[PDB]
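Down below is the structure, laid out as structure tokens.
Protein chains: 2
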Amino acid sequence: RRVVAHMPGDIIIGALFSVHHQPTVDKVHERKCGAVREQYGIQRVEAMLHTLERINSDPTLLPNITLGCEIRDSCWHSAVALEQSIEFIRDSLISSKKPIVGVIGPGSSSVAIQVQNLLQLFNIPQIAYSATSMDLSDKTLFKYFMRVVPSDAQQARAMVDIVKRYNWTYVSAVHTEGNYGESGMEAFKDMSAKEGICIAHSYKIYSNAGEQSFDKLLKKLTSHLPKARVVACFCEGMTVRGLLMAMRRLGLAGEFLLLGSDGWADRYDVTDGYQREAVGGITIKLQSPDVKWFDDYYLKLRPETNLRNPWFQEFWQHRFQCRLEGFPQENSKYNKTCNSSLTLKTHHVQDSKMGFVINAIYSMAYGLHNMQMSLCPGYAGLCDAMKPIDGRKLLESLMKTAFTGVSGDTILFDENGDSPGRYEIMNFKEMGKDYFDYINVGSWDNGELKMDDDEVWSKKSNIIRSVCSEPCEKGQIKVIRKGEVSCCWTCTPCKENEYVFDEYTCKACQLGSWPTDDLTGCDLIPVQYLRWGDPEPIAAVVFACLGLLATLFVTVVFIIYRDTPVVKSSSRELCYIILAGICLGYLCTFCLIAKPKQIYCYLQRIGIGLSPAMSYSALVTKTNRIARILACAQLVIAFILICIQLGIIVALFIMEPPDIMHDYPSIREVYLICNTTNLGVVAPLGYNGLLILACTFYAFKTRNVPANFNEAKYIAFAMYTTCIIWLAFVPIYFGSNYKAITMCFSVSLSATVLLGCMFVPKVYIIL
Amino acid sequence: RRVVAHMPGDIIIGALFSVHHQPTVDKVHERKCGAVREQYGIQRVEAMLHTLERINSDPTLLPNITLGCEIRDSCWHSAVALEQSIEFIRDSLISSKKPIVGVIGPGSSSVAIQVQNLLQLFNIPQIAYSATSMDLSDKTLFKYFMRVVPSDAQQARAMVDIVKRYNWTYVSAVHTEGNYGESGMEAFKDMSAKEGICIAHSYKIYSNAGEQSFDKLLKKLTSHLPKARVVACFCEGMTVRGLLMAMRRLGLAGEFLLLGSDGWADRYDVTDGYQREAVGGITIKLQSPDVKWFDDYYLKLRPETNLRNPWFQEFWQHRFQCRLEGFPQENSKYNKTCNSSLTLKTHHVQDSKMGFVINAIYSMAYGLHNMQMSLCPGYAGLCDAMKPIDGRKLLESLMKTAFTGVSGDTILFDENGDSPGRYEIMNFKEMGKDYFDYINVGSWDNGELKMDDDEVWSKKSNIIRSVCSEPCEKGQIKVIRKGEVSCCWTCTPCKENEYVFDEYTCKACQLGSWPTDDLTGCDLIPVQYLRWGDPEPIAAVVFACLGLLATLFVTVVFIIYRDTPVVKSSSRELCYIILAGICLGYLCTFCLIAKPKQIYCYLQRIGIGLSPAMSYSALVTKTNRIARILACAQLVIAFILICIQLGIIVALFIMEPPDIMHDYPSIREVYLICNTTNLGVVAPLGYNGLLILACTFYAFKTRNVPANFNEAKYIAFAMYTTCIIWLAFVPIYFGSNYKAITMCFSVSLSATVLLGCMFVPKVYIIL
Ligand SMILES: N[C@](CC1c2ccccc2Oc2ccccc21)(C(=O)O)[C@H]1C[C@@H]1C(=O)O
Ligand SMILES: N[C@](CC1c2ccccc2Oc2ccccc21)(C(=O)O)[C@H]1C[C@@H]1C(=O)O
Ligand SMILES: *[C@@H]1O[C@H](CO)[C@@H](O)[C@H](O)[C@H]1NC(C)=O
Ligand SMILES: *[C@@H]1O[C@H](CO)[C@@H](O)[C@H](O)[C@H]1NC(C)=O
């Protein structure tokens, strides 16, 4: 029964426009709707009527095709829209009074969803101009749905893009609870993980929550205020006003950067009285090019002339509160009559989604045109393959369609039947006096963000990067995981020996290698040289040189005077073995102090093994001779004893072959030593000790022999001193790391005491 | 325009019955349906007409309420059903010619789903009588849906229940591919995991697959034929025929137990010609009580009398291929006329879902009655709160409704708007000759399965339990995981020392504990006793006794004759120390061989430490005396030497305090020994060795002293033998576990050789 605005045509596009207000709870079953909507309603019906006239008058597309329409009141309520959609469907069915080819979707998403659920069963393509819910992106559930508006998912995309632009990490996130805000925050946090942006706490409040509730929410948000300053509300306007109430009450303004979605977009009524409260906030609007087409088509519309629109007349009486008695719709509500002088241009503000409506209409027109060109390239009108027009092929054409819209830019439909995003970023800035207002600060389009950074803050004193992680020191400071968020670093330095393995992971490289200046990596420290002017090495060298000079002098003296009683007092043949042993022992000091080559690794051990063994073998033979007392015999004994230690050295070579060892006293210290282990040093020392104990046993028996001018007494004393020195320096050797120096001093002083205690009396006597 | 069977009433229940056949592809847009369905169609319209008359005539419920109906052709096709549903909805809307309160759902599930998608938007409760798809169980998607039939999920439940009853694990599973079979197999495998039933391989074929494809499927199934014998097909009849073609071709019958869902339920046409092919198969049907109500209401229906049903007349001409020229529906298709004598009782077979239709009708009637009683307990007719009847409250009543159905049992609606399952299990058994047919073998109801096991196989020679895991041996056989399925055990035995920790997991308990007979657990083996009649212990005891007798005799003899030259030859005072040492050493043997008590742990070590040390201390003093040669002095030396070893024992007690050790030579052997470690045995042995070496050194000097009638020579020889024995038995001690026995023999023989070599000559001389 309800009146339908019917424009005649050949291919007939239906539409649902929210002409009347939502009926209250009392008339949900009767379904008597409220007052006529001005901005959302009749503007749109006039829009499509004029648009269809223009398309009818445009030879550019659909040449011999006339497009009619039916406008049915949608009342912004699901029930009424469903009634009207039923009327559409039955008309189309009984047609098979004319079949509806497609339909322009209702405003609200919560209504468009149900209308889609109904239309999906009859292959009726629907195009929406206001449905922005992202649950309509599915094609499993809503196959026949087309949007010239981007979903709220793309609002979330724009917000995350601008946050990325301003380089923030630890931002707070609140959202209105319901269909809108909840899903919006889900999308936002979905697209946050792809950017590494952290979220403080996904707070969730109503628009009807108490002032106390709002204050509690503000306190909860401010709990992390020092760290988190940018609060993204996927918020309704009333939520914004609630938060502003809370901010004025708590007085915690300034740090709270209110980044809002399409809530307080341009709606200053949201923030009237609270201009100072939320200055510097960032919001988003849909791009709405003011279309002059409708301005010209609409401002010249008088009630009498505009006969085609049925309720328009009625609208007049409500628009101006005047009762046009002359007009058939002589409503008794208004007292005064309507003056002919009263025009419509006054207070004329067109809807904020006018571009979208026109875009949807052209979208369907171009869909039909594309399908016509695909299937009817013959007759300029309706071909054979179009007479039973089917929704499947029309939707197929509509998926793969594009054109320049009335707005100015192109309209593309992706896989999910969504137009690309087209947003304007705006800031609630303050003027000179208390006249704060909204100003455009750039645009967001299809992914590319063109913001005007210089416009906001007017300087480089913006809100600090809300982050839980200050940039770590490039030296050794490594990130940690506090377990709270994914961007809360405690830049604790790595170990002195560690390097920067990763940004979040630290490691220390292999032994010997030490990190660089900035711990970029690590490098191997040079090995020790062991030929130095160090006091201890030079002291050893001086001692060895003095010993060599003394040995050479005494050797020469004893070789020349080989018949004197003083020389005859001792073995005039076996002393050469002593001299050779002593000289080799002295040269051992020089052997150790050099570059520790493989050949040197051989020679050093060879010398330090042979020379002491040889010397003490001669000593033990001499002591045995003395014991016999109180010479082609003892030579063989001495040779065998020397060969014993030579065999020991050979066996040690066989067991553990020498190689140039990179000795590591620490990990930050690298020295170069041969592979002489504990066994490799003890074994020669063991044999030397055995010979020394033998000498001690065979000489202690003759501790008090003053023969040859007090010879044996001083020899015994010196040997006791030598034994004491050996037993004292063995632990000093093992309890230190200056191994080469210790061996040098030990052998040098051993030979020195021996030579200086057995030969100095002899030299003094002879000269 | 399409003719609607309209029964007048006050509360009007619509219905959709598949009156005509599905229109072919050529007339999907024209929507001209095919021939009139007999079994599925007009039976049901007559059913509901008579049922509504009866409910109208029953004062038991809805006293002053008359129920009308509209029957609209459903044509088994989605498009026609949607057209008719649109008509219903528009009638109901314009009513607000009379409002439809509810609707009886279309037959097919693929049609009921779409009709539900349409009706959900208008609060129109729908009850289905044939929709068995389990995607309709959801209430998120299909809120206003009621089923008097159970879903296919419950067919899967029944199959899994019977498999559980017959106790099978490793069963093959095949399913028709599509809406039916795929979802059915999903449900079956869902409910299999709750029972631990394994699946061979979820094979998936069409009903249109080639004979080659069917043969390939049969080969794939038979690939596991020895292990898996029961093949559950959630199968269409054509799939069954395909599998039977394959079975006849391959000739792999017998082992293949065809457990089928509602495919070849009673449809012998599926298995005609293949009676021998799939004997012994198990199938399921919906319980269909043959309702005599409809039999009486329907058999007395003549075309002329039955004016209320519009197409019934037409049905007549198609039912009998006679053209009733007299009747207004004088179809020209049939040549012959209709004889008045021609009745309808011939070949009368009612539909297999008659009970379900009547149950649905009564279900809606009882829903209305319950809601009436809930809201209108006043006027016997329509109260105030019912005039604008709403679907929400009607569905609320329908959810919480129950009654005794026409079938005989109750109808309950759970949370998901589903009636409980009611199935009859049937077997394709063989008669005497080649006359194999279906026979009922029990029922399944709401969860309780009442099968007739004795009916099937007629003996205990059923199909073997198709399992991958034979029952493991109760001893130590543990299950494994081959990685193929969750019930493929290889009953490998556990370790000899292991126990049955779990059915699938094995473990071995703590040390010492050994498993029981059946490895139920483990128990601690008793410790060693070490007081035995074993040959070696008894030999030690005999030796010790002989030694004690000899020692006592010689002690007495030497005490009496304490002045003889033979006795005077040795120390006539120090020999008492020797005798006491020897006797204590002998008693050590008895000390070791007993229960190893804590006090015994003390005493044994004390003795074995003191006695040898004391004896050898006296020996070393004697040897020192001899060395002085070649007495209140040596007594103190001996006492000090004894106290040395006593202090050694005390220090060993301090370091490692004795405790009763459960010694474990192996894990299956438990002995009881003190905590005498290597150190605790070597230290006394070390001291003993030191004294022995001292004795050797001091006696080897006097190896050839024939004084006192060849005394020292034999003593030296015996001491050499003793040293050899010690050096030989130390490794024998360390290279064995008979520690107590070894110590006993060592000490006993040491004392024996000592006594028998130092004293036997003396005794022989004196007597
Ligand atoms: N964009 C709207 C608005 C929208 C929204 C989207 C989804 C769910 C709820 C919901 O309600 C709110 C609340 C606050 C801000 C914007 C929205 C749409 O419905 O698509 C737009 C037609 C609606 C209009 O202009 O009134
Ligand atoms: N039980 C049915 C039957 C059914 C089924 C269920 C779901 C999807 C497909 C489908 O097709 C098959 C194929 C073989 C066996 C049974 C089914 C139902 O549609 O509910 C029953 C009304 C259908 C009838 O009697 O024809
Ligand atoms: C982070 O943002 C700042 C401006 O706030 C700017 O330096 C740049 O966009 C980002 N930083 C770097 C190092 O690129
Ligand atoms: C497994 O099934 C068999 C009959 O096939 C029967 O023993 C019983 O139901 C099950 N087994 C046991 C041990 O209960």
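So the sequences go chain by chain: A and B.
Under PDB author numbering, residues 25 to 120, 140 to 673, 690 to 826 are what the first sequence spells out, in order.
Under PDB author numbering, residues 25 to 120, 140 to 673, 690 to 826 are what the second sequence spells out, in order.
In this text, a Cβ means the ideal position worked out from N, Cα and C, and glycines have one as well.
Provide the residue span of the beta strand (DSSP E) that contains residue i, from first to last.
i	result
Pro332 of chain A	Counting along the chain, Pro332 of chain A falls outside any beta strand (DSSP E), and DSSP gives it neither H nor E.
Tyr481 of chain B	480–488
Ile37 of chain A	35–41
Taking the DSSP output, what are the residues bridged to residue i?
i	result
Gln169 of chain B	B:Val146, B:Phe188
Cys241 of chain B	B:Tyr213
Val273 of chain B	B:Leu300
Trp557 of chain B	B:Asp566
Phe446 of chain B	B:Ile454
For chain A, find out if any of its Cβ atoms is closer than 8 Å to the Cβ of residue i; answer yes or no.
i	result
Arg114 of chain B	yes
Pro168 of chain B	no
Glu229 of chain B	no
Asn222 of chain B	no
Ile110 of chain B	yes
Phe165 of chain B	yes
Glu458 of chain B	no
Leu117 of chain B	yes
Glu70 of chain B	no
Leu425 of chain B	no
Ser120 of chain B	yes
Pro569 of chain B	no
Assuming residue i and residue j form a contact by the criterion Cβ under 8 Å, report the distance between their Cβ atoms to the nearest whole angstrom.
i	j	result
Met202 of chain A	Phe231 of chain A	6 Å
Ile506 of chain B	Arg272 of chain B	5 Å
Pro142 of chain A	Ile432 of chain A	7 Å
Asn734 of chain A	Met714 of chain A	Between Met714 of chain A and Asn734 of chain A the Cβ distance is about 11 Å, and since that is not below 8 Å, they are no contact.
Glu94 of chain B	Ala29 of chain B	7 Å
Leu438 of chain B	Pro32 of chain B	The Cβ separation is near 25 Å, so there is no contact.
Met407 of chain A	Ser440 of chain A	10 Å between Cβ atoms; not a contact.
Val69 of chain A	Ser109 of chain A	The Cβ separation is near 17 Å, so there is no contact.
Looking at the unbroken alpha helix (DSSP H) that takes in residue i, where does it start and where does it end?
i	result
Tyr730 of chain B	Careful: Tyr730 of chain B lies outside any alpha helix (DSSP H), inside the beta strand (DSSP E) at 730–732.
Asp115 of chain A	102–119
Under a CB-based cut-off of 8 Å, is residue i close to chain B?
i	result
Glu225 of chain A	no
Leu287 of chain A	no
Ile156 of chain A	no
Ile95 of chain A	no
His101 of chain A	no
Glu107 of chain A	yes
>> With three or more beta-carbon pairs closer than 8 Å as the criterion, would you say the segment 449–468 of chain B touches the segment 143–152 of chain B?
In response: The count of Cβ pairs closer than 8 Å, one atom from the segment 449–468 of chain B and one from the segment 143–152 of chain B, stays below three, leaving the stretches out of contact.
>> Would you call the segment 617–625 of chain B in contact with the segment 657–669 of chain B, where contact means no fewer than 3 C-beta pairs closer than 8 Å?
In response: The segment 617–625 of chain B, when compared against the segment 657–669 of chain B, does touch it at the 8 Å Cβ threshold.
> Looking at C-beta atoms only, is the number of pairs between the segment 445–453 of chain A and the segment 171–181 of chain A that lie closer than 8 Å three or more?
Replying inline: Judged by Cβ distances under 8 Å, the segment 445–453 of chain A makes no contact with the segment 171–181 of chain A, as fewer than three pairs qualify.
>> Quick check: the segment 47–62 of chain B against the segment 70–90 of chain B, are at least 3 beta-carbon pairs closer than 8 Å?
In response: Between the segment 70–90 of chain B and the segment 47–62 of chain B, the count of C-beta pairs closer than 8 Å stays below three; the two stretches do not touch.
> For the 8 Å Cβ check, are there 3 or more pairs between the segment 805–823 of chain A and the segment 780–788 of chain A?
Replying inline: These segments touch.
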